[PDB]
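Colleague: Shown below is the structure under consideration.
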Amino acid sequence: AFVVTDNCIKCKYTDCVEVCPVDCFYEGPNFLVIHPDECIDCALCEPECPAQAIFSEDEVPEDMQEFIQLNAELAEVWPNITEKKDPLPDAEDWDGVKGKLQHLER
Ligand code: SF4
Ligand code: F3S
């Protein structure tokens, strides 16, 4: 599975979903997650993220390992998203800020 990590929070550009062949992204208020059972590891979304927030799970940074289980858990509760929409309004101010998990909204 590919995993969405920290920099997606408060950016949520959603470019990643246009390229997903199996529609396995699920939508929260200010973050997206990949459903690990659905992902076919095609790696097509990883170059599309402007925030460079998607990683193969075997390449998730050490300080972002929490995101693996978070994607698995929230994917089970959030609605499926299959079409790109506009980025959050201040996405570029928050792109690159570290430690945005304290801002995640359920
Ligand atoms: S690696 Fe492929 S199947 Fe998995 S979320 Fe990305 S685009 Fe979808
Ligand atoms: S910012 Fe998030 S919504 Fe997709 S394009 Fe990147 S993983």
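A note on labels: chains of the structure tokens are A, B, ... as shown, every chain counts residues from 1, and ligands are counted from 1 in their shown order.
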Given a cut-off of 10 Å, what residues near ligand 1 show up using only C-alpha atoms and all ligand atoms, put as number ranges by chain?

Modeller: A: 1-4, 16-26, 33-48, 54-56

Colleague: Please check which protein, DNA or RNA residues sit within 6 Å of ligand 2, counting only C-alpha atoms and all ligand atoms, and write them as a CSV table (one decimal) with N, CA, C and O atoms, in the first residue's frame.

Modeller:
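Now in result.csv:
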```
chain,number,residue,atom,x,y,z
A,4,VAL,N,-0.5,8.1,2.8
A,4,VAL,CA,-0.5,9.6,2.8
A,4,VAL,C,0.1,10.0,4.1
A,4,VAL,O,-0.4,9.6,5.2
A,8,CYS,N,0.1,16.3,3.7
A,8,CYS,CA,-1.2,16.4,3.1
A,8,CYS,C,-2.1,17.2,4.0
A,8,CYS,O,-2.9,18.0,3.5
A,11,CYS,N,-3.4,20.8,3.4
A,11,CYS,CA,-3.1,21.1,2.0
A,11,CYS,C,-4.2,20.4,1.2
A,11,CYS,O,-5.0,21.1,0.6
A,12,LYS,N,-4.3,19.0,1.2
A,12,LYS,CA,-5.4,18.3,0.6
A,12,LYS,C,-5.7,18.8,-0.8
A,12,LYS,O,-6.8,19.4,-1.1
A,13,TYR,N,-4.7,18.7,-1.7
A,13,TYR,CA,-4.7,19.1,-3.1
A,13,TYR,C,-5.6,18.3,-4.0
A,13,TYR,O,-6.3,18.9,-4.8
A,14,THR,N,-5.7,17.0,-3.6
A,14,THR,CA,-6.4,16.0,-4.3
A,14,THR,C,-6.0,15.6,-5.7
A,14,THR,O,-6.7,14.9,-6.4
A,15,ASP,N,-4.8,16.0,-6.1
A,15,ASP,CA,-4.4,15.6,-7.5
A,15,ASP,C,-4.2,14.1,-7.6
A,15,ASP,O,-4.6,13.5,-8.6
A,16,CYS,N,-3.9,13.5,-6.5
A,16,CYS,CA,-3.6,12.0,-6.3
A,16,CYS,C,-4.8,11.2,-6.8
A,16,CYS,O,-4.6,10.1,-7.3
A,31,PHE,N,-7.5,16.2,5.1
A,31,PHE,CA,-6.5,15.2,4.8
A,31,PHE,C,-7.2,14.1,4.0
A,31,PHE,O,-8.4,13.9,4.1
A,32,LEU,N,-6.4,13.3,3.2
A,32,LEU,CA,-6.8,12.1,2.5
A,32,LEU,C,-6.1,10.9,3.0
A,32,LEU,O,-4.9,11.0,3.5
A,49,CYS,N,1.3,14.0,-6.1
A,49,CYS,CA,1.1,14.9,-4.9
A,49,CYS,C,1.9,16.1,-5.0
A,49,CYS,O,3.1,16.0,-4.9
A,50,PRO,N,1.4,17.3,-5.1
A,50,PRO,CA,2.2,18.5,-5.0
A,50,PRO,C,2.9,18.6,-3.6
A,50,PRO,O,4.0,19.1,-3.6
A,51,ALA,N,2.3,18.1,-2.6
A,51,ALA,CA,2.9,18.2,-1.2
A,51,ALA,C,4.0,17.1,-1.0
A,51,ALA,O,4.5,17.1,0.2
A,53,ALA,N,3.6,14.1,-0.3
A,53,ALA,CA,3.1,13.5,0.9
A,53,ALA,C,2.9,11.9,0.8
A,53,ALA,O,2.7,11.2,1.8
A,54,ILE,N,2.8,11.3,-0.4
A,54,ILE,CA,2.6,9.9,-0.5
A,54,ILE,C,3.9,9.1,-0.6
A,54,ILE,O,4.8,9.6,-1.3
```

Colleague: Could you write out, as a PyMOL selection string, all the residues of segment 31-88 of chain A that DSSP marks as strand (DSSP E or B)?

Modeller: chain A and resi 32-34+54-56+80

Colleague: Name the residues of segment 13-76 of chain A that come out as helix (DSSP H, G or I) in a backbone DSSP run; write them as a PyMOL selection string.

Modeller: chain A and resi 16-19+57-59+62-64+66-75

Colleague: Of the residues A:6, A:57, A:62, A:76, which is the one nearest to residue 95 of chain A, using only C-alpha atoms?

Modeller: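 For residue 95 of chain A, the nearest of the candidates is A:6.
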
Colleague: Name the closest residue to residue 70 of chain A among the candidates A:96, A:84, A:101, A:7; distances are taken between atoms, counting only C-alpha atoms.

Modeller: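 Of A:96, A:84, A:101, A:7, the one nearest residue 70 of chain A is A:101, counting only C-alpha atoms.
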
Colleague: Point out the residue among A:64, A:28, A:52, A:85 with the least atom-to-atom distance to residue 100 of chain A, counting only C-alpha atoms.

Modeller: A:64

Colleague: For residue 106 of chain A, please output as a list in words all residues within 10 Å (counting only C-alpha atoms; exclusion window: fewer than 4 positions along the same chain).

Modeller: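 Here the answer would be residues 27, 28, 29, 30, 31, 74, 77 and 78 of chain A.
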
Colleague: Mind dumping the selected residues with N, CA and C atoms as a compact mmCIF listing (two decimals), in the first residue's frame?

Modeller:
```txt
# COMPACT_ATOMS: atom_id res chain seq x y z
N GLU A 27 -11.77 10.44 2.06
CA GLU A 27 -11.70 11.85 2.34
C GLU A 27 -12.04 12.33 3.75
N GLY A 28 -11.15 13.08 4.36
CA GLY A 28 -11.45 13.73 5.59
C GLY A 28 -11.54 15.21 5.32
N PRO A 29 -11.95 16.00 6.32
CA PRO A 29 -11.99 17.45 6.27
C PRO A 29 -10.70 18.07 5.79
N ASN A 30 -9.52 17.65 6.23
CA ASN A 30 -8.32 18.36 5.82
C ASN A 30 -7.16 17.44 5.52
N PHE A 31 -7.48 16.20 5.10
CA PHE A 31 -6.50 15.18 4.82
C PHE A 31 -7.19 14.08 4.03
N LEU A 74 -8.53 5.34 9.41
CA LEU A 74 -9.48 6.35 8.98
C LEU A 74 -10.11 5.95 7.69
N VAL A 77 -13.48 4.77 8.08
CA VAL A 77 -14.58 5.58 8.54
C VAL A 77 -14.88 6.73 7.62
N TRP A 78 -13.97 7.15 6.77
CA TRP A 78 -14.19 8.30 5.91
C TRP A 78 -14.84 7.92 4.58
```

Colleague: In Å, with one decimal, what is the gap from atom CA of residue 103 of chain A to atom CA of residue 10 of chain A?

Modeller: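 Atom CA of residue 10 of chain A lies at a distance of 7.7 Å from atom CA of residue 103 of chain A.
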